[PDB]
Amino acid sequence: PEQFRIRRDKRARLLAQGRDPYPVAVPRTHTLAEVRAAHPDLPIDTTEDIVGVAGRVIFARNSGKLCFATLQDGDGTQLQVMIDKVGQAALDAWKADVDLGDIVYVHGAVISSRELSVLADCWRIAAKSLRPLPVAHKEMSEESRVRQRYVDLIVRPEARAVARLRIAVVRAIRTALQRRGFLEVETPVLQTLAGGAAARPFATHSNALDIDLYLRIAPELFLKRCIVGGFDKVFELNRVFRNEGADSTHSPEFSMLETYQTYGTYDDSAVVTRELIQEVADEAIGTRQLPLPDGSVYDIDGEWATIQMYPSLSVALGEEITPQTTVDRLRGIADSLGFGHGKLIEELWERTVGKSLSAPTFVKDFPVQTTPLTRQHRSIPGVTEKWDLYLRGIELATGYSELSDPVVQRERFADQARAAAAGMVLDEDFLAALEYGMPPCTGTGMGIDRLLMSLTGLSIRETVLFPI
């Protein structure tokens, strides 16, 4: 706590002496990992490979004529340094000047101790830390790890690995989609009215236009415009904003993938989603027998079951539930266990069938009420061609066979608007685009955080770099 001051004082006296504790440049020749992969099996306690390395001093051990430190590169990789070879003054400076958490450059020969080490010709402070690292045991509380992610990444290896995983996962996704001929597009974040999902928006006032603008809840309506526009295959991986509460599967800002493919249906996009998720596991995790903090293994290999909502619900409840089942009947059943038809079906389905699922599973054929954007089913009356994908109990992803009928689409919105009216403007430009004609296409959505969670067992608070 007081050591904040002595650190500040070492900076000040280093400046005064004409030593630079935040130099513009130091000539680092190699990352530590490069040095390692260069000398994998050096006869220990024995080379003229001179290098210039840098790193954070995370461990010091001083001893009269010779000091040893651990340099940890930013990615975790470790090289020990040993400060006769040059400078008594140098050794004194080392001792008086270098603290833990300081970034340090050293130039010299690579050797192995009686542990891979560089024995120094030169050395220099690259950066002076005016704050010690927490010992970290002292296990940084969950909400101090998130509020100081920079320290977390320094002190806790797993923080490093997770960060790098998300990054790998996201790249895996872009690779996979690009391989299949999808083009990534940028669609507006600031919108005059935010559609493509159910949620309350974030509103912000524009100075330029003296009007409110609304942060997107989803790119769907614009992505659809792109399909009208002649895009065959488009995706957009980026943030959406839902002005609502936070829980273990929900946060107001999060990164979601959306995907749109002309001349396929929800049956086609189901297959791609599977392949996509499996292909991600392979690239980023390396197995489809997923290890969990549980200590368990979750198998996502092979084919995944598809069930239908109404039938699977029927089996769970012991009676035939259809689009014709009244709200009065559903209410009764709901009660006997512990607004509208659609909402009741989904709710009962989750409370019965959904919760019981283990293996990866698509549920498909959804109530029309609760699916305003998705086409009516090709044969079955009363339902829409939508699936949800449940993986390891997490609601991962949806796909639709997309409603391209403007008149029907107009109605779906008129119903929506009239439901939440307090006395009714629709998204006229969207509908305008539909009436220019949108070819048959299937869209998907997927949450990145959900993806990682489902894959790893990590909480939403660990998957993102800087939450709050």
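In this text, residue numbers run from 1 along the sequence as written. Throughout, rigid core stands for the largest set of C-alpha atoms superposing within 1.5 Å between the two forms.
**Student:** Core-superposed in 6 other deposited structures of this protein, which stretch deviates more in Cα positions, 248-256 or 367-375?
**Tutor:** Greater root mean square C-alpha distance in 6 other deposited structures of this protein: 248-256.
**Student:** Across the other PDB entries of this protein that model residues on both sides of residue 131, is it left without coordinates in at least a third of them?
**Tutor:** In all of the other entries, residue 131 has coordinates.
**Student:** Taking only the other compared entries that model residues on either side of residue 423, decide whether it is unmodelled in at least a third of them.
**Tutor:** It is, since residue 423 is left out of at least a third of the other entries that model both flanking stretches.
**Student:** Counting only residues that lack coordinates, how big is the gap in the deposited sequence between residue 83 and residue 84? Pick none, 1 to 3, 4 to 9 or 10 or more.
**Tutor:** 1 to 3 residues lack coordinates between residue 83 and residue 84.
**Student:** Quick check on the record: how many residues from the deposited sequence are absent from the model between residue 63 and residue 64 (none, 1 to 3, 4 to 9, 10 or more)?
**Tutor:** Nothing is missing between them.
**Student:** On mean Cα temperature factor in this entry, is 266-274 or 194-202 the higher one?
**Tutor:** The stretch with the larger average C-alpha B-factor is 194-202.
**Student:** Using the B-factors recorded in the PDB entry, average over the C-alpha atoms of 134-142 and of 353-361, then report which stretch comes out higher.
**Tutor:** Result: 134-142.
**Student:** Go through 183, 119, 389, 368 one by one and give the residue whose Cα B-factor in the PDB entry is largest.
**Tutor:** Answer for 183, 119, 389, 368: 119, with the highest C-alpha B-factor.
**Student:** Quiz for you: based on the deposited Cα B-factor, which of 312, 88, 259, 374 is highest?
**Tutor:** Of the candidates given, the C-alpha B-factor peaks at 88.
**Student:** Please place residue 59 in the lowest, middle or highest third of its chain according to the CA B-factor in the PDB entry.
**Tutor:** Answer is highest: the recorded C-alpha B-factor places it there.
**Student:** Rank-wise, by C-alpha B-factor, drop residue 238 into the lowest, middle or highest third of its chain.
**Tutor:** Its C-alpha B-factor, which the entry lists for residue 238, ranks in the lowest third among residues of this chain.
**Student:** Relative to the other modelled residues of the same chain, rank the CA B-factor of residue 18 and answer lowest, middle or highest third.
**Tutor:** Highest third - that is where residue 18 ends up once the chain's C-alpha B-factors are sorted.
**Student:** Could you say whether, by C-alpha temperature factor, residue 441 belongs to the lowest, middle or highest third of its chain?
**Tutor:** For residue 441, the deposited C-alpha B-factor lands in the lowest third.
**Student:** Compared with the other modelled residues in the chain, in which third is the CA B-factor of residue 34?
**Tutor:** It belongs to the middle third of the chain when residues are ordered by C-alpha B-factor.
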